[PDB]
Amino acid sequence: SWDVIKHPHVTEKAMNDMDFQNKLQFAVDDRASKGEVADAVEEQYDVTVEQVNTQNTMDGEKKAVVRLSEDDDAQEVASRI
Amino acid sequence: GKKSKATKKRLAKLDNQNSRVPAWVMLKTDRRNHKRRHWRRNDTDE
Amino acid sequence: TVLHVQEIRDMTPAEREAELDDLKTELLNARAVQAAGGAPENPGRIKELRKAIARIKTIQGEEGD
Amino acid sequence: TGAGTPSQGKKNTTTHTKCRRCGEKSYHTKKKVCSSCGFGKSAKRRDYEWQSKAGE
Amino acid sequence: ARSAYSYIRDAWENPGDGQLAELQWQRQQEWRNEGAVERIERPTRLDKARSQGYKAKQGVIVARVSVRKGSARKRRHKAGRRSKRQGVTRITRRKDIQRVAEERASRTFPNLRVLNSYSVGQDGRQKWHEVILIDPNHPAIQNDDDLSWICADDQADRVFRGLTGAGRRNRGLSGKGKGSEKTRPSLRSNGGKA
RNA sequence: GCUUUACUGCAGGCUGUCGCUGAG
RNA sequence: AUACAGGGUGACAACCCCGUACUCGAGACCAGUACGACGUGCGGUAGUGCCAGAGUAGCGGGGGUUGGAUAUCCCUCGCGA
RNA sequence: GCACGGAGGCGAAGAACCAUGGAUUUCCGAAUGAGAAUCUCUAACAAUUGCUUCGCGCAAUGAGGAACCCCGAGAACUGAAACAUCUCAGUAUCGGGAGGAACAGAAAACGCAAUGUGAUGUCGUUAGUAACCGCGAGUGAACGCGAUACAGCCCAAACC
Ligand SMILES: [Cl-]
Ligand SMILES: [Cl-]
Ligand SMILES: [K+]
Ligand SMILES: [Mg+2]
Ligand SMILES: [Mg+2]
Ligand SMILES: [Mg+2]
Ligand SMILES: [Mg+2]
Ligand SMILES: [Mg+2]
Ligand SMILES: [Mg+2]
Ligand SMILES: [Mg+2]
Ligand SMILES: [Mg+2]
Ligand SMILES: [Mg+2]
Ligand SMILES: [Mg+2]
Ligand code: NA
Ligand code: NA
Ligand code: NA
Ligand code: NA
Ligand code: NA
Ligand code: NA
Ligand code: NA
Ligand code: NA
Ligand code: NA
Ligand code: NA
Ligand code: NA
Ligand code: NA
Ligand code: NA
Ligand SMILES: [Sr+2]
Ligand SMILES: [Sr+2]
Ligand SMILES: [Sr+2]
Ligand SMILES: [Sr+2]
Ligand SMILES: [Sr+2]
Ligand SMILES: [Sr+2]
Ligand SMILES: [Sr+2]
Ligand SMILES: [Sr+2]
Ligand SMILES: [Sr+2]
Ligand SMILES: [Sr+2]
């Protein structure tokens, strides 16, 4: 059984999305839909997901850009792992 | 052109394979990626 | 290592599952630290976690859960 | 217009592609038939005795 | 005393005379309107079917098959040939029509195996044969002392390998002595000269 | 490769005959 | 030494190491066979024209094939006990 | 692991390794819910069959395998110092199909003609003999014998 979240995608561009737009980025299973990514993320870090954007990368993986609600602080979440 | 999801997966794999033999493999074997490819000089499949 | 087959069998179906999630998480966090290029690693565990999970998963099928 | 070099420039059509069944780049995307394994043409695998010397 | 069967038998010795003549005249009209392979509930020549192995039992199937009459439907040579290999009109095939019929029947019923077949007439442009097929997977047959032999693995697709009565005769295996030097044990092993 | 009233054959067409095919 | 086959080991090794002879063990195949046992019941006399496989046996036209020659095997059209 | 690194870890809770059995076993693939260059779209034995509880409920088929094997389709170069019958050759190649081997096989046989043999393969021989053939070039058995291995049975019908 394949899991949805593979690991946090951590790069300069990712940090910005995290500090400036309350967004977290993840490497996810390319079979996962935007909705399955939101659900998975909410149940792993207990937060509210507002929007999810996806991209099948040239690394053969899928990258997801998850924006959290104003109640959650991306920086703090990312900092506990 | 327009690539499908599968095509893209295959292209990505080709990009990954197209890398150096790690330095440690050299030491461990005490002394060449024979499949090194160039986008221009070579031609992939499909 | 730290987790043995005997111990795994001594758990109830509910404990193996709870243990399975606890393991998957440690692994996920390891892979997260690896993604961040973090060095507080211990490569042995990342390897051990995978095995432990296969073991619990193997036991779960053997026992019927 | 020559049949050689000048006519080689008009070639930008894709025909043979990676085959789903055998993996070779022989699946003709226009005919939808693999010239290597016969996929799209037959359930059996394309094969011929002339692919080797008669007594072998 | 004579069996009722002997009467069906005796009728079919002269399919062109008596009641049988009129029956055929009627039947063929309907047969010409049917397909290439029509499964039928009961054999048309009961005596013949029972004689060949047929039984009124689960797993025993009968089908009528029609084939175009005449010689080979051969395509003329497109490349060079010496006079000898240019013929096209008088060349006939090596398998008789009954055999071609058994094979079409067996293809229609992939899971069944041909037991035997017999002729049920012809008109000016086609021939009809009925074929007895057996279900080697049905227990009514796996438990039959007279038919269970056809359930063995090596009997699979028997018709396509010439193992039928019609197959064996067409292969020249009737005679046990003179004339069978190149037919037995197989046409192939004898270099294909029989 | 090509030609033709070269040799020998093969398709194809025409024609008779038998089967399909019956009653007065 | 019932072991002087072969190999390895910083150079020509029976005796340095693996093995090698002897002896022993297991699996596969032979084979669900052979043997054994259960059941079934072989055979003979007299009478009885009750039964015993049809487009068959066989013949002819046309082909192919064969060493098959008049005397191979098969296909096809027609006739047919 | 190959693989002679670095770091770290596992092993007396007996790891590595080996044997046997089991677990897991993505997608395409006969590929089977429909479609597609390995992905997608909205519960599926698709298709052909048998049985049938007539419901895909129970089942079969499909594709693979080095060659070997069986049934069909079937060349030409070549030889004949040309070439047409013949030859190369039922070879190459093609279609279909089975198995661990296939096929054959218990006489409407043989015909060393007999007061004789006694299912069938195969091996040796019979023999380049008989037979064929622009009677040219060439093609070419069988019965028998010596071996190998041996094994004989079941229906249809009569009478029920
Ligand atoms: Cl069959
Ligand atoms: Cl004798
Ligand atoms: K020739
Ligand atoms: Mg997008
Ligand atoms: Mg790069
Ligand atoms: Mg009986
Ligand atoms: Mg010839
Ligand atoms: Mg599919
Ligand atoms: Mg010549
Ligand atoms: Mg043989
Ligand atoms: Mg001459
Ligand atoms: Mg010859
Ligand atoms: Mg003889
Ligand atoms: Na990755
Ligand atoms: Na290129
Ligand atoms: Na069949
Ligand atoms: Na020329
Ligand atoms: Na012949
Ligand atoms: Na004839
Ligand atoms: Na496996
Ligand atoms: Na099926
Ligand atoms: Na059904
Ligand atoms: Na010559
Ligand atoms: Na010449
Ligand atoms: Na000749
Ligand atoms: Na003698
Ligand atoms: Sr990259
Ligand atoms: Sr170029
Ligand atoms: Sr022009
Ligand atoms: Sr130009
Ligand atoms: Sr173009
Ligand atoms: Sr097609
Ligand atoms: Sr083939
Ligand atoms: Sr089959
Ligand atoms: Sr008889
Ligand atoms: Sr014997």
Side-chain angles (χ1 to χ4, degrees), chain A residues 2, chain B residues 4-7 23-30 46, chain C residues 1 4 6 41-45 47-48 54 57-58 61-62, chain D residues 17-23 27 29 32 39 43-45 48-50 54, chain E residues 1-3 5-6 9 12-13 15 25 47-48 50-53 58-59 61 70-72 76-77 79-96 103 108-112 119 123-125 135-138 140 145-146 149 153-154 156-158 160-163 167 170-173 175-189 191-194:
Chain A
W2 61 270
Chain B
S4 64
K5 188 178 191 175
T7 284
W24 60 269
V25 180
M26 313 280 255
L27 308 171
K28 187 166 185 178
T29 60
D30 297 306
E46 293 165 61
Chain C
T1 170
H4 300 65
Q6 184 189 328
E41 307 182 303
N42 294 303
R45 275 210 193 185
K47 179 182 182 183
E48 288 306 302
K57 283 178 166 294
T58 297
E62 281 183 50
Chain D
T17 59
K18 188 100 168 181
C19 179
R20 205 202 306 166
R21 177 208 259 176
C22 76
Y27 186 72
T29 208
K32 299 303 180 190
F39 184 57
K44 289 183 166 70
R45 282 287 197 121
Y48 297 99
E49 289 300 77
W50 45 256
Chain E
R2 290 183 58 182
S3 68
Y5 305 113
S6 64
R9 184 163 78 210
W12 276 85
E13 290 174 314
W25 182 83
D47 70 310
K48 189 69 168 175
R50 292 188 62 75
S51 185
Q52 303 194 328
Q58 310 164 87
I61 288 72
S71 71
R76 189 181 183 294
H77 71 286
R81 259 66 172 179
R82 48 201 191 78
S83 77
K84 225 291 171 180
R85 307 303 183 186
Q86 281 196 51
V88 175
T89 292
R90 307 178 183 197
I91 278 162
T92 52
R93 319 241 74 133
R94 300 185 188 193
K95 276 194 285 214
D96 48 305
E103 278 184 38
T108 295
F109 308 93
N111 63 312
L112 308 181
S119 167
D123 64 357
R125 85 173 193 181
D135 185 347
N137 298 293
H138 195 302
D145 293 299
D146 310 305
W149 61 264
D153 290 3
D154 65 11
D157 286 293
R158 64 198 317 269
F160 298 105
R161 298 181 286 127
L163 313 196
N170 182 51
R171 295 200 277 155
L173 291 164
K176 296 193 61 173
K178 190 202 310 175
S180 62
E181 302 80 2
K182 305 179 199 315
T183 62
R184 184 165 307 106
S186 75
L187 289 168
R188 188 172 181 275
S189 81
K193 305 187 198 172

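Below, chains carry the letters A, B, ... as their sequence lines are ordered, and counting in each starts from 1.
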Base-over-base contact, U25(H) with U26(H): centres under 5.5 Å, angle under 30°:
no
Hey, is the main chain of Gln6(C) close enough, under 3.5 Å, to the side chain of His4(C) for a donor-acceptor pair?
no
Evaluate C86(H) against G118(H) for Watson-Crick or G-U wobble pairing; both distances have to be shorter than 3.5 Å.
no
Give one of base, sugar-phosphate or nothing for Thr92(E), where a contact means two heavy atoms less than 4.0 Å apart.
base
Any chance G55(H) and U139(H) qualify as a Watson-Crick or G-U wobble pair, both distances under 3.5 Å?
no
Between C56(H) and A47(H), how far apart are the two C1' atoms, rounded to whole Å?
13 Å
Where each residue is assigned the nucleotide of RNA chain G containing its nearest heavy atom, which of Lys193(E) and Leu187(E) is assigned the position nearer the 5′ end?
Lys193(E)
Check the distance between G97(H)'s P and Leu112(E)'s CG and give it to me in whole angstrom.
16 Å
Could you tell me whether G8(H) and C39(H) make a Watson-Crick or G-U wobble pair, using a cut-off of under 3.5 Å for both distances?
no
So, OP1 or OP2 of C28(H): does either fall under 4.0 Å of a side-chain N or O from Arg20(D)?
no
Taking the nucleotide of RNA chain F with the nearest heavy atom to each, does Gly124(E) or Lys84(E) sit closer to the 5' end?
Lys84(E)
Is the base of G134(H) stacked on the base of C135(H), in that the six-ring centres lie under 5.5 Å apart and the planes are under 30° off?
no
Using centres closer than 5.5 angstrom and planes tilted less than 30 degrees as the test, would you call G32(G) and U33(G) a stacked pair?
no
Using the rule for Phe, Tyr, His and the six-membered ring of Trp, do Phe160(E) and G96(H) stack at under 5.5 Å and under 30°?
no
Picking from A3(H), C39(H), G5(H), the nucleotide nearest the side-chain atoms of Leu27(B) would be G5(H)
Using a heavy-atom cut-off of 4.0 Å across all strands, would you classify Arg76(E) as base, sugar-phosphate, or nothing?
base
Is the ring centre of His138(E) under 5.5 Å from the base ring centre of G50(H), and are the two planes under 30° apart, so that they stack?
no
Any donor-acceptor pair under 3.5 Å joining the side chain of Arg94(E) to the base of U76(G)?
no
Take atom P in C86(H) and the same atom in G74(H), then report the distance between them in whole Å.
16 Å
Out of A13(H), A37(H), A141(H), which has the shortest distance to the side chain of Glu46(B)?
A37(H)
Is the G140(H)-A141(H) step stacked (ring centres under 5.5 angstrom, plane angle under 30°)?
no
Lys28(B), nearest nucleotide to its side chain (from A3(H), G11(H), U120(H)):
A3(H)
Go through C86(H), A102(H), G55(G) for me and flag the one nearest to the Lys48(E) side chain.
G55(G)
Watson-Crick or G-U wobble between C12(G) and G74(H), both distances under 3.5 Å?
no
Do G41(G) and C42(G) stack, judged by ring centres under 5.5 Å and ring planes under 30°?
no
Using a 3.5 Å limit on both hydrogen-bonding distances, do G121(H) and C145(H) make a Watson-Crick or G-U wobble pair?
no
Given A37(H), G11(H), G9(F), which nucleotide is nearest the side-chain atoms of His4(C)?
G11(H)
Applying a 4.0 Å non-hydrogen cut-off, can you work out what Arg45(C) is touching in the nucleic acid: base, sugar-phosphate, or nothing?
nothing
